[PDB]
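A.B. asks: Dropping in data.cif, with mmCIF, C-alpha atoms and all ligand atoms; chains and numbers go by the auth columns.
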```
data_structure
#
loop_
_atom_site.group_PDB
_atom_site.id
_atom_site.type_symbol
_atom_site.label_atom_id
_atom_site.label_comp_id
_atom_site.label_asym_id
_atom_site.label_seq_id
_atom_site.Cartn_x
_atom_site.Cartn_y
_atom_site.Cartn_z
_atom_site.B_iso_or_equiv
_atom_site.auth_seq_id
_atom_site.auth_asym_id
ATOM 1 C CA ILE A 1 17.315 -16.761 8.278 0.00 1 T
ATOM 2 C CA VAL A 2 18.818 -18.413 11.368 0.00 2 T
ATOM 3 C CA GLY A 3 16.469 -19.696 14.047 0.00 3 T
ATOM 4 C CA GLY A 4 13.336 -19.316 11.998 0.00 4 T
ATOM 5 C CA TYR A 5 10.897 -21.734 10.532 0.00 5 T
ATOM 6 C CA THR A 6 9.679 -22.925 7.206 0.00 6 T
ATOM 7 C CA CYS A 7 7.077 -20.351 6.161 0.00 7 T
ATOM 8 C CA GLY A 8 4.895 -22.605 4.037 0.00 8 T
ATOM 9 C CA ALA A 9 4.541 -22.288 0.290 0.00 9 T
ATOM 10 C CA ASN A 10 3.357 -18.820 -0.793 0.00 10 T
ATOM 11 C CA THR A 11 2.465 -17.737 2.742 0.00 11 T
ATOM 12 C CA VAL A 12 4.566 -14.538 2.204 0.00 12 T
ATOM 13 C CA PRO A 13 3.195 -13.645 -1.212 0.00 13 T
ATOM 14 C CA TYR A 14 5.003 -10.269 -1.493 0.00 14 T
ATOM 15 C CA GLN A 15 8.438 -11.966 -1.057 0.00 15 T
ATOM 16 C CA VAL A 16 10.494 -11.962 -4.268 0.00 16 T
ATOM 17 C CA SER A 17 13.803 -13.556 -5.173 0.00 17 T
ATOM 18 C CA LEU A 18 16.226 -11.524 -7.248 0.00 18 T
ATOM 19 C CA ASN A 19 18.030 -13.818 -9.700 0.00 19 T
ATOM 20 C CA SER A 20 21.093 -13.186 -11.868 0.00 20 T
ATOM 21 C CA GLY A 21 21.612 -16.825 -12.812 0.00 21 T
ATOM 22 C CA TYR A 22 21.155 -17.723 -9.142 0.00 22 T
ATOM 23 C CA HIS A 23 19.309 -16.264 -6.156 0.00 23 T
ATOM 24 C CA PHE A 24 21.296 -13.400 -4.684 0.00 24 T
ATOM 25 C CA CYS A 25 18.883 -11.143 -2.726 0.00 25 T
ATOM 26 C CA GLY A 26 15.308 -10.820 -1.604 0.00 26 T
ATOM 27 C CA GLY A 27 12.852 -8.056 -2.296 0.00 27 T
ATOM 28 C CA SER A 28 9.235 -7.013 -1.769 0.00 28 T
ATOM 29 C CA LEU A 29 6.485 -6.509 -4.376 0.00 29 T
ATOM 30 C CA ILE A 30 4.812 -3.103 -3.807 0.00 30 T
ATOM 31 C CA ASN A 31 2.533 -3.062 -6.871 0.00 31 T
ATOM 32 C CA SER A 32 2.243 -5.005 -10.111 0.00 32 T
ATOM 33 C CA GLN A 33 5.158 -3.165 -11.689 0.00 33 T
ATOM 34 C CA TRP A 34 7.612 -2.426 -8.829 0.00 34 T
ATOM 35 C CA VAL A 35 9.811 -4.133 -6.257 0.00 35 T
ATOM 36 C CA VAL A 36 11.661 -2.611 -3.289 0.00 36 T
ATOM 37 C CA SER A 37 15.023 -4.098 -2.281 0.00 37 T
ATOM 38 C CA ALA A 38 18.343 -3.019 -0.753 0.00 38 T
ATOM 39 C CA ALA A 39 20.674 -0.728 -2.730 0.00 39 T
ATOM 40 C CA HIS A 40 23.555 -3.034 -1.801 0.00 40 T
ATOM 41 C CA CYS A 41 21.714 -5.675 -3.949 0.00 41 T
ATOM 42 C CA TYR A 42 22.111 -3.523 -7.089 0.00 42 T
ATOM 43 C CA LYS A 43 23.505 -5.229 -10.213 0.00 43 T
ATOM 44 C CA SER A 44 22.595 -5.234 -13.870 0.00 44 T
ATOM 45 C CA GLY A 45 20.685 -8.165 -15.383 0.00 45 T
ATOM 46 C CA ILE A 46 18.189 -8.790 -12.637 0.00 46 T
ATOM 47 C CA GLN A 47 15.289 -11.204 -13.094 0.00 47 T
ATOM 48 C CA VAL A 48 12.546 -10.874 -10.501 0.00 48 T
ATOM 49 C CA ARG A 49 11.046 -14.193 -9.371 0.00 49 T
ATOM 50 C CA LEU A 50 7.575 -13.993 -7.851 0.00 50 T
ATOM 51 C CA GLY A 51 5.444 -16.785 -6.410 0.00 51 T
ATOM 52 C CA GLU A 52 8.478 -18.752 -5.173 0.00 52 T
ATOM 53 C CA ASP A 53 8.715 -21.300 -2.443 0.00 53 T
ATOM 54 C CA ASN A 54 11.466 -23.795 -3.416 0.00 54 T
ATOM 55 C CA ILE A 55 13.868 -21.565 -5.492 0.00 55 T
ATOM 56 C CA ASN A 56 15.447 -24.661 -7.107 0.00 56 T
ATOM 57 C CA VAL A 57 12.209 -26.387 -8.235 0.00 57 T
ATOM 58 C CA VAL A 58 9.512 -25.062 -10.561 0.00 58 T
ATOM 59 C CA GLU A 59 6.379 -25.763 -8.524 0.00 59 T
ATOM 60 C CA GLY A 60 3.791 -24.022 -10.639 0.00 60 T
ATOM 61 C CA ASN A 61 3.045 -20.603 -9.148 0.00 61 T
ATOM 62 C CA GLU A 62 6.127 -18.712 -10.274 0.00 62 T
ATOM 63 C CA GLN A 63 6.375 -15.638 -12.439 0.00 63 T
ATOM 64 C CA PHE A 64 9.852 -14.798 -13.792 0.00 64 T
ATOM 65 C CA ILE A 65 10.039 -11.233 -15.125 0.00 65 T
ATOM 66 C CA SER A 66 13.150 -9.315 -16.157 0.00 66 T
ATOM 67 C CA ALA A 67 13.797 -5.916 -14.604 0.00 67 T
ATOM 68 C CA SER A 68 13.637 -2.990 -17.030 0.00 68 T
ATOM 69 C CA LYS A 69 15.229 -0.431 -14.685 0.00 69 T
ATOM 70 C CA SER A 70 16.747 -0.157 -11.241 0.00 70 T
ATOM 71 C CA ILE A 71 16.850 3.078 -9.187 0.00 71 T
ATOM 72 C CA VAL A 72 19.247 3.224 -6.230 0.00 72 T
ATOM 73 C CA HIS A 73 18.412 5.835 -3.630 0.00 73 T
ATOM 74 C CA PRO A 74 20.105 9.145 -4.530 0.00 74 T
ATOM 75 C CA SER A 75 21.875 9.302 -1.158 0.00 75 T
ATOM 76 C CA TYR A 76 22.914 5.656 -0.868 0.00 76 T
ATOM 77 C CA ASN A 77 26.355 5.297 0.712 0.00 77 T
ATOM 78 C CA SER A 78 27.907 1.920 -0.021 0.00 78 T
ATOM 79 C CA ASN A 79 30.452 2.271 2.782 0.00 79 T
ATOM 80 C CA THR A 80 28.018 2.921 5.628 0.00 80 T
ATOM 81 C CA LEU A 81 24.890 1.461 4.015 0.00 81 T
ATOM 82 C CA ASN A 82 23.021 4.664 4.841 0.00 82 T
ATOM 83 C CA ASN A 83 19.898 4.917 2.606 0.00 83 T
ATOM 84 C CA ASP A 84 20.109 1.216 1.675 0.00 84 T
ATOM 85 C CA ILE A 85 17.050 1.101 -0.619 0.00 85 T
ATOM 86 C CA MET A 86 16.454 0.593 -4.330 0.00 86 T
ATOM 87 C CA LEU A 87 13.443 0.296 -6.625 0.00 87 T
ATOM 88 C CA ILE A 88 13.248 -2.258 -9.431 0.00 88 T
ATOM 89 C CA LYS A 89 10.730 -1.945 -12.278 0.00 89 T
ATOM 90 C CA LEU A 90 9.357 -5.093 -13.946 0.00 90 T
ATOM 91 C CA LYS A 91 9.524 -5.100 -17.765 0.00 91 T
ATOM 92 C CA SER A 92 5.966 -6.446 -17.830 0.00 92 T
ATOM 93 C CA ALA A 93 3.436 -6.155 -15.033 0.00 93 T
ATOM 94 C CA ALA A 94 3.067 -9.115 -12.757 0.00 94 T
ATOM 95 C CA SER A 95 -0.231 -10.941 -12.718 0.00 95 T
ATOM 96 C CA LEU A 96 -1.375 -10.434 -9.131 0.00 96 T
ATOM 97 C CA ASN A 97 -3.038 -13.351 -7.469 0.00 97 T
ATOM 98 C CA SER A 98 -3.226 -14.985 -4.034 0.00 98 T
ATOM 99 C CA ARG A 99 0.379 -16.188 -4.298 0.00 99 T
ATOM 100 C CA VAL A 100 1.793 -13.011 -5.917 0.00 100 T
ATOM 101 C CA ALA A 101 0.652 -9.987 -3.942 0.00 101 T
ATOM 102 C CA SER A 102 1.828 -6.548 -2.994 0.00 102 T
ATOM 103 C CA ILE A 103 2.667 -5.315 0.489 0.00 103 T
ATOM 104 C CA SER A 104 1.500 -1.895 1.619 0.00 104 T
ATOM 105 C CA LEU A 105 3.910 0.954 2.362 0.00 105 T
ATOM 106 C CA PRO A 106 3.856 2.513 5.847 0.00 106 T
ATOM 107 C CA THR A 107 1.775 5.525 6.598 0.00 107 T
ATOM 108 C CA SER A 108 3.869 6.049 9.754 0.00 108 T
ATOM 109 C CA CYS A 109 6.899 4.497 11.361 0.00 109 T
ATOM 110 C CA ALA A 110 6.615 1.493 13.698 0.00 110 T
ATOM 111 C CA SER A 111 7.290 1.588 17.408 0.00 111 T
ATOM 112 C CA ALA A 112 10.102 -0.280 19.312 0.00 112 T
ATOM 113 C CA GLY A 113 8.662 -3.563 20.512 0.00 113 T
ATOM 114 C CA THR A 114 6.396 -4.034 17.524 0.00 114 T
ATOM 115 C CA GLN A 115 6.551 -7.635 16.244 0.00 115 T
ATOM 116 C CA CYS A 116 7.547 -8.111 12.632 0.00 116 T
ATOM 117 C CA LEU A 117 7.904 -10.943 10.101 0.00 117 T
ATOM 118 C CA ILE A 118 11.318 -11.262 8.405 0.00 118 T
ATOM 119 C CA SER A 119 11.733 -13.746 5.554 0.00 119 T
ATOM 120 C CA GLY A 120 14.270 -15.041 3.038 0.00 120 T
ATOM 121 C CA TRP A 121 16.302 -17.824 1.429 0.00 121 T
ATOM 122 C CA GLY A 122 19.541 -17.023 3.222 0.00 122 T
ATOM 123 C CA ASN A 123 21.885 -19.165 5.266 0.00 123 T
ATOM 124 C CA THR A 124 20.261 -20.917 8.199 0.00 124 T
ATOM 125 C CA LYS A 125 23.442 -21.572 10.168 0.00 125 T
ATOM 126 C CA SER A 126 24.911 -19.181 12.848 0.00 126 T
ATOM 127 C CA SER A 127 28.112 -21.227 12.730 0.00 127 T
ATOM 128 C CA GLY A 128 28.742 -22.510 9.174 0.00 128 T
ATOM 129 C CA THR A 129 26.741 -22.557 5.907 0.00 129 T
ATOM 130 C CA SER A 130 23.550 -24.259 4.781 0.00 130 T
ATOM 131 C CA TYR A 131 21.090 -22.791 2.361 0.00 131 T
ATOM 132 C CA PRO A 132 17.418 -23.745 2.484 0.00 132 T
ATOM 133 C CA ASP A 133 15.792 -23.926 -0.837 0.00 133 T
ATOM 134 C CA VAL A 134 12.355 -23.133 0.645 0.00 134 T
ATOM 135 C CA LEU A 135 11.405 -19.773 2.187 0.00 135 T
ATOM 136 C CA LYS A 136 12.212 -19.242 5.899 0.00 136 T
ATOM 137 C CA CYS A 137 10.399 -16.935 8.288 0.00 137 T
ATOM 138 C CA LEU A 138 11.229 -15.291 11.579 0.00 138 T
ATOM 139 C CA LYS A 139 9.062 -13.347 14.014 0.00 139 T
ATOM 140 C CA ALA A 140 11.204 -10.633 15.576 0.00 140 T
ATOM 141 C CA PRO A 141 10.559 -7.384 17.486 0.00 141 T
ATOM 142 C CA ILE A 142 11.928 -3.956 16.664 0.00 142 T
ATOM 143 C CA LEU A 143 14.619 -3.177 19.207 0.00 143 T
ATOM 144 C CA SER A 144 15.116 0.164 20.919 0.00 144 T
ATOM 145 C CA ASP A 145 17.280 2.622 18.988 0.00 145 T
ATOM 146 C CA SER A 146 19.482 2.791 22.106 0.00 146 T
ATOM 147 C CA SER A 147 20.166 -0.977 22.080 0.00 147 T
ATOM 148 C CA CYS A 148 20.836 -0.727 18.353 0.00 148 T
ATOM 149 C CA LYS A 149 23.320 2.165 18.640 0.00 149 T
ATOM 150 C CA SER A 150 25.031 0.584 21.610 0.00 150 T
ATOM 151 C CA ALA A 151 25.799 -2.452 19.490 0.00 151 T
ATOM 152 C CA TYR A 152 27.155 -0.396 16.561 0.00 152 T
ATOM 153 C CA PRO A 153 28.502 2.948 17.844 0.00 153 T
ATOM 154 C CA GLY A 154 28.529 5.739 15.280 0.00 154 T
ATOM 155 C CA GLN A 155 27.213 3.373 12.585 0.00 155 T
ATOM 156 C CA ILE A 156 23.425 3.681 13.017 0.00 156 T
ATOM 157 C CA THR A 157 21.629 6.529 11.321 0.00 157 T
ATOM 158 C CA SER A 158 18.089 7.690 11.488 0.00 158 T
ATOM 159 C CA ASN A 159 17.497 5.582 8.357 0.00 159 T
ATOM 160 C CA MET A 160 18.176 2.292 10.158 0.00 160 T
ATOM 161 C CA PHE A 161 16.643 0.236 12.931 0.00 161 T
ATOM 162 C CA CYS A 162 17.569 -3.000 14.635 0.00 162 T
ATOM 163 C CA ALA A 163 15.292 -5.988 15.084 0.00 163 T
ATOM 164 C CA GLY A 164 15.742 -9.412 16.596 0.00 164 T
ATOM 165 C CA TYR A 165 17.020 -10.766 19.876 0.00 165 T
ATOM 166 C CA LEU A 166 20.002 -9.556 21.829 0.00 166 T
ATOM 167 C CA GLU A 167 20.469 -13.040 23.282 0.00 167 T
ATOM 168 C CA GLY A 168 21.166 -14.312 19.759 0.00 168 T
ATOM 169 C CA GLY A 169 19.934 -17.474 18.014 0.00 169 T
ATOM 170 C CA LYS A 170 17.464 -15.726 15.651 0.00 170 T
ATOM 171 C CA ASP A 171 18.408 -13.340 12.823 0.00 171 T
ATOM 172 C CA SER A 172 18.634 -12.610 9.090 0.00 172 T
ATOM 173 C CA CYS A 173 21.816 -13.827 7.310 0.00 173 T
ATOM 174 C CA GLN A 174 23.674 -14.175 3.998 0.00 174 T
ATOM 175 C CA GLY A 175 21.226 -14.338 1.100 0.00 175 T
ATOM 176 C CA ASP A 176 18.429 -12.556 3.006 0.00 176 T
ATOM 177 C CA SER A 177 19.651 -9.095 1.929 0.00 177 T
ATOM 178 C CA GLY A 178 16.966 -6.933 0.379 0.00 178 T
ATOM 179 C CA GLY A 179 14.067 -8.904 1.764 0.00 179 T
ATOM 180 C CA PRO A 180 11.109 -7.707 3.784 0.00 180 T
ATOM 181 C CA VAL A 181 10.468 -6.792 7.399 0.00 181 T
ATOM 182 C CA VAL A 182 6.636 -6.534 7.686 0.00 182 T
ATOM 183 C CA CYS A 183 5.007 -5.154 10.834 0.00 183 T
ATOM 184 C CA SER A 184 1.269 -4.695 11.256 0.00 184 T
ATOM 185 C CA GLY A 185 0.700 -5.251 7.509 0.00 185 T
ATOM 186 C CA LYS A 186 3.230 -2.638 6.372 0.00 186 T
ATOM 187 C CA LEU A 187 6.695 -2.952 4.868 0.00 187 T
ATOM 188 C CA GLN A 188 8.745 -1.264 7.603 0.00 188 T
ATOM 189 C CA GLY A 189 12.178 -2.705 6.911 0.00 189 T
ATOM 190 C CA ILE A 190 14.583 -4.078 4.341 0.00 190 T
ATOM 191 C CA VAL A 191 17.256 -6.621 5.314 0.00 191 T
ATOM 192 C CA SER A 192 20.392 -4.456 5.262 0.00 192 T
ATOM 193 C CA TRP A 193 23.377 -5.516 7.355 0.00 193 T
ATOM 194 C CA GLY A 194 24.606 -6.894 10.671 0.00 194 T
ATOM 195 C CA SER A 195 27.539 -8.574 12.288 0.00 195 T
ATOM 196 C CA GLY A 196 27.554 -12.312 11.886 0.00 196 T
ATOM 197 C CA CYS A 197 24.201 -14.014 12.196 0.00 197 T
ATOM 198 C CA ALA A 198 22.306 -14.699 15.358 0.00 198 T
ATOM 199 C CA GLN A 199 25.244 -13.672 17.643 0.00 199 T
ATOM 200 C CA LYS A 200 24.681 -12.246 21.081 0.00 200 T
ATOM 201 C CA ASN A 201 24.425 -8.423 21.226 0.00 201 T
ATOM 202 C CA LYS A 202 24.696 -8.102 17.424 0.00 202 T
ATOM 203 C CA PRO A 203 21.169 -7.747 16.149 0.00 203 T
ATOM 204 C CA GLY A 204 20.218 -7.278 12.534 0.00 204 T
ATOM 205 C CA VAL A 205 20.074 -3.837 10.992 0.00 205 T
ATOM 206 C CA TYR A 206 17.270 -2.887 8.628 0.00 206 T
ATOM 207 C CA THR A 207 16.568 0.033 6.306 0.00 207 T
ATOM 208 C CA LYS A 208 13.822 2.225 7.868 0.00 208 T
ATOM 209 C CA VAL A 209 11.303 2.195 4.997 0.00 209 T
ATOM 210 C CA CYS A 210 8.945 4.725 6.602 0.00 210 T
ATOM 211 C CA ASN A 211 11.540 7.446 5.886 0.00 211 T
ATOM 212 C CA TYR A 212 11.361 6.694 2.128 0.00 212 T
ATOM 213 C CA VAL A 213 7.646 6.492 1.355 0.00 213 T
ATOM 214 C CA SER A 214 7.510 9.902 -0.330 0.00 214 T
ATOM 215 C CA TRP A 215 10.579 9.087 -2.396 0.00 215 T
ATOM 216 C CA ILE A 216 9.123 5.718 -3.373 0.00 216 T
ATOM 217 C CA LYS A 217 5.776 7.166 -4.398 0.00 217 T
ATOM 218 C CA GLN A 218 7.242 10.031 -6.339 0.00 218 T
ATOM 219 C CA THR A 219 9.858 7.845 -8.033 0.00 219 T
ATOM 220 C CA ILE A 220 7.450 5.169 -9.186 0.00 220 T
ATOM 221 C CA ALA A 221 5.015 7.854 -10.481 0.00 221 T
ATOM 222 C CA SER A 222 7.794 9.366 -12.621 0.00 222 T
ATOM 223 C CA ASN A 223 9.294 6.112 -13.977 0.00 223 T
HETATM 224 O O1 LIG B . 26.110 -11.730 4.873 0.00 1 S
HETATM 225 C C1 LIG B . 25.154 -11.122 4.279 0.00 1 S
HETATM 226 O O2 LIG B . 25.029 -11.094 3.050 0.00 1 S
HETATM 227 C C2 LIG B . 24.160 -10.433 5.131 0.00 1 S
HETATM 228 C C3 LIG B . 24.123 -10.419 6.523 0.00 1 S
HETATM 229 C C4 LIG B . 23.130 -9.686 7.156 0.00 1 S
HETATM 230 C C5 LIG B . 22.191 -8.999 6.445 0.00 1 S
HETATM 231 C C6 LIG B . 22.261 -9.056 5.052 0.00 1 S
HETATM 232 N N1 LIG B . 23.223 -9.770 4.414 0.00 1 S
HETATM 233 O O1 LIG B . 26.578 -7.463 1.356 0.00 2 S
HETATM 234 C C1 LIG B . 25.580 -8.265 1.415 0.00 2 S
HETATM 235 O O2 LIG B . 24.859 -8.426 2.415 0.00 2 S
HETATM 236 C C2 LIG B . 25.170 -8.991 0.180 0.00 2 S
HETATM 237 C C3 LIG B . 25.682 -8.702 -1.095 0.00 2 S
HETATM 238 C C4 LIG B . 25.203 -9.397 -2.183 0.00 2 S
HETATM 239 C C5 LIG B . 24.200 -10.334 -2.003 0.00 2 S
HETATM 240 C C6 LIG B . 23.737 -10.564 -0.711 0.00 2 S
HETATM 241 N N1 LIG B . 24.191 -9.867 0.357 0.00 2 S
HETATM 242 CA CA CA B . 10.178 -22.519 -7.445 0.00 3 S
HETATM 243 V V V B . 23.465 -10.005 2.338 0.00 4 S
#
```
Let's see the structure in the file written out as structure tokens.

C.D. replies:
Amino acid sequence: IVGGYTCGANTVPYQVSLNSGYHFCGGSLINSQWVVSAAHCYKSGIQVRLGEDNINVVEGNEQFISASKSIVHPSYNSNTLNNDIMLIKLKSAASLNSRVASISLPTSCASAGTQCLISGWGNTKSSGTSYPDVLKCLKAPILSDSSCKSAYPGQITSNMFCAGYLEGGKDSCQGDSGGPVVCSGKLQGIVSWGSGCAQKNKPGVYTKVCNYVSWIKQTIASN
């Protein structure tokens, strides 16, 4: 997250870190057994880490639980990142508490201009690299679909939206992939892709979770 702030320990209690020997992507806890992340975060051997603030220090509220199964969206396209969503099942249910909590799925899509909270452990530099070990947060509005498509012609589908600031300075970045975009208490986005970080006229692009709620519900009920 570039241009954000230190969230505070466990202030985003649905935020997960996906670990394969190291943090590589975020995700969002949607019930005690299931996490939503980006399909472009798929790999075998995922451990889900819940209750994290500093990802390099055991602070006492963590739960580390191996994934039993991953389900990439059936229409995921790794070239275009269309349908950039995946479900991860925990081998054992998480113990839900104030620091390890689920986020609700949308009942409807969010409007342009709605303010959202984006979070992650990604790079905090727009020019260079520095990784925070504690969770970063960013308040950012959903941008109009027209501003989004203007920035990325022929690359935006109905399954994507842009959020952030066209003037630059504030954005998601490397290591934020898969993490949450929460708006009005609902998981509306997944950190998906962009061009650079926090550059002018190159906002972040996010998977439009509201399009996938039926798929999520049906998939988790059958797995
Ligand atoms: O460089 C990355 O890994 C990146 C950038 C933007 C969004 C997600 N990931
Ligand atoms: O392509 C990306 O954005 C990416 C891939 C792997 C881990 C984090 N991000
Ligand atoms: Ca920790
Ligand atoms: V990434």

A.B. asks: Can you list, as a ChimeraX atom specification, the residues that the PyMOL selection byres (((not hetatm)) within 8 of (chain S and resi 1)) selects here?

C.D. replies: /T:172-178,191-197,204-205

A.B. asks: Provide the CA of residue 5 in chain T to CA of residue 202 in chain T distance in Å, to one decimal place.

C.D. replies: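 CA of residue 5 in chain T sits 20.6 Å away from CA of residue 202 in chain T.
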
A.B. asks: CA of residue 38 in chain T to CA of residue 10 in chain T: how many Å, to one decimal?

C.D. replies: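 Straight-line distance from CA of residue 38 in chain T to CA of residue 10 in chain T works out to 21.8 Å.
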
A.B. asks: Take CA of residue 53 in chain T and CA of residue 26 in chain T and report the distance between them in Å, one decimal.

C.D. replies: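 That distance, rounded to one decimal, is 12.4 Å.
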
A.B. asks: List the spatial neighbours of residue 67 in chain T as a ChimeraX atom specification - criterion: any atom at most 9 Å away, only C-alpha atoms, same-chain residues fewer than 2 positions off excluded.

C.D. replies: /T:44-48,65,69-70,88-92

A.B. asks: Please produce a file of the residues just selected, as a short mmCIF file (atom, residue, chain, number, x, y, z; two decimals), keeping the file's coordinate frame, where the atoms kept are C-alpha atoms.

C.D. replies:
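The new file out_25.cif reads:
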```cif
data_model
loop_
_atom_site.label_atom_id
_atom_site.label_comp_id
_atom_site.auth_asym_id
_atom_site.auth_seq_id
_atom_site.Cartn_x
_atom_site.Cartn_y
_atom_site.Cartn_z
CA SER T 44 22.60 -5.23 -13.87
CA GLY T 45 20.68 -8.16 -15.38
CA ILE T 46 18.19 -8.79 -12.64
CA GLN T 47 15.29 -11.20 -13.09
CA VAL T 48 12.55 -10.87 -10.50
CA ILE T 65 10.04 -11.23 -15.12
CA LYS T 69 15.23 -0.43 -14.68
CA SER T 70 16.75 -0.16 -11.24
CA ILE T 88 13.25 -2.26 -9.43
CA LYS T 89 10.73 -1.94 -12.28
CA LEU T 90 9.36 -5.09 -13.95
CA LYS T 91 9.52 -5.10 -17.76
CA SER T 92 5.97 -6.45 -17.83
#
```

A.B. asks: Evaluated on this file, the PyMOL selection byres (((chain T and resi 223) around 10) and not hetatm) picks out some residues - which ones are they, written as a VMD selection string?

C.D. replies: chain T and resid 69 71 89 218 to 222
